[PDB]
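Quick note on numbering: the first sequence equals residues 10 to 209 in this note's numbering. Just so you know, even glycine gets a beta-carbon here, dropped at the ideal spot from N, CA and C. Let me begin by presenting the structure, written as structure tokens, before commenting on it.
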Amino acid sequence: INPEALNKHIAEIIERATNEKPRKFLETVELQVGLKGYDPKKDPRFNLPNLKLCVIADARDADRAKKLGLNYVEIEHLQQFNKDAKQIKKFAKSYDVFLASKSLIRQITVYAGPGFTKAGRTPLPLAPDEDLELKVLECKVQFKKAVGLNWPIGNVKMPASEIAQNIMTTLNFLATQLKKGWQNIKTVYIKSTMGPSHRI
RNA sequence: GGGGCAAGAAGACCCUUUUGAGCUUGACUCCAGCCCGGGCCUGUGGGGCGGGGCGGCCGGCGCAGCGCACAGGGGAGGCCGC
């Protein structure tokens, strides 16, 4: 536990300062969890849920997405989709968040499903009456094949208490998805590109 | 000495009994013996080797782009000059 001392390290990361922050307070510090009993031979790979946000949408939804500064795509790349897939991975990688429209719904389910699914960037279709600008701005756990798991929780520019709440969401997650819970996790370390790690 | 299916003897053969016994073996279940390990008996000093935990450090070769991309990172600044 020790939230004050753990937050003292979160405070130290903000105090060293320096860095190249992108839409976050002191960039993002990701806790690297190590798993004491996890075997690739054993199969528990369940994958479950500012950096870069983006939306593709029509009436009402577009008004509150393009205004938010995310930027929008007019599916003019539908023309590019026939021509090339060279930047398909690149475009999806650039925007951590993709959003969509309920009016569009099946417009590209029949044609532009292609490489965008391999990239995993399936947008969230939002009713024009639905606000949309919240779910996109708000912005991770897969066992996969890697013992080391580091999920960004410093991406919020919100106070270190919210970052600790993101740490608590991360730690609640470690209790929920693991058989020994927090005991199953061998180690955790707070890091950024210029952020030295902090063993939890 | 032909016969009294003459006299000996609750057929020994054969079969039956939920009747035995001796023997056998890779029958069922076991037991002494013996081998082996650890503990106690059981004092007083050395020396090495692992494990566990920390903990630095050195590595990683199917090729376009920059060369063997171990992996999950992060990111327009750290300190590269990149």
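**OP:** Would you check if there are 3 or more beta carbon pairs closer than 8 Å linking the stretch 84 to 98 to the stretch 154 to 164?
**Re:** no
Subject >> residue 184 versus residue 206 - alpha carbon distance >> reply: As a first step, residue 184 must be located in the first sequence, where it is residue number 175. As a first step, residue 206 must be located in the first sequence, where it is residue number 197. Cα to Cα, the separation comes out at about 22 Å.
Original post:
Does DSSP put residue 145 in a helix, in a strand, or in coil?
Top reply: Mapped onto the first sequence, residue 145 falls at position 136. The answer is helix: DSSP assigns residue 145 an H, G or I state.
Original post:
Are there 16 or more other CB atoms within 10 angstroms of the CB of residue 29, so buried, or fewer, so exposed?
Top reply: As a working mapping, residue 29 is identified with position 20 in the first sequence. With fewer than 16 Cβ atoms within 10 Å of its Cβ, residue 29 is classed as exposed.
Original post:
DSSP state of residue 209, grouped into three classes?
Top reply: As a working mapping, residue 209 is identified with position 200 in the first sequence. The answer is coil: DSSP assigns residue 209 none of H, G, I, E or B.
Subject >> the stretch 16 to 30 touching the stretch 165 to 180, judged by at least three CB pairs closer than 8 Å >> reply: yes
Original post:
On the three-state DSSP scale, how would you describe residue 134?
Top reply: Counting from one through the first sequence, the residue named residue 134 turns up at place 125. Residue 134 falls in the strand class under three-state DSSP.
Original post:
Rounded to whole angstroms, how far is the Cβ of residue 142 from the Cβ of residue 77, which I believe are closer than 8 Å?
Top reply: Position 133 of the first sequence, counted from the start, is the residue given in the question as residue 142. Position 68 of the first sequence, counted from the start, is the residue given in the question as residue 77. Correct: roughly 5 Å between the Cβ atoms.
**OP:** List the whole-angstrom C-beta distance separating residue 40 from residue 179, where the pair is believed to meet the contact cut-off of C-beta under 8 Å.
**Re:** Along the first sequence, one-based indexing puts residue 40 at 31. Along the first sequence, one-based indexing puts residue 179 at 170. Going by Cβ atoms, the distance from residue 40 to residue 179 rounds to 6 Å, so yes, they are a contact pair.
Subject >> Option nearest residue 57 by Cα separation, candidates 151, 21, 145 and 146 >> reply: Within the first sequence, the letter at position 48 stands for residue 57. Cα-wise, what sits closest to residue 57 is 151.
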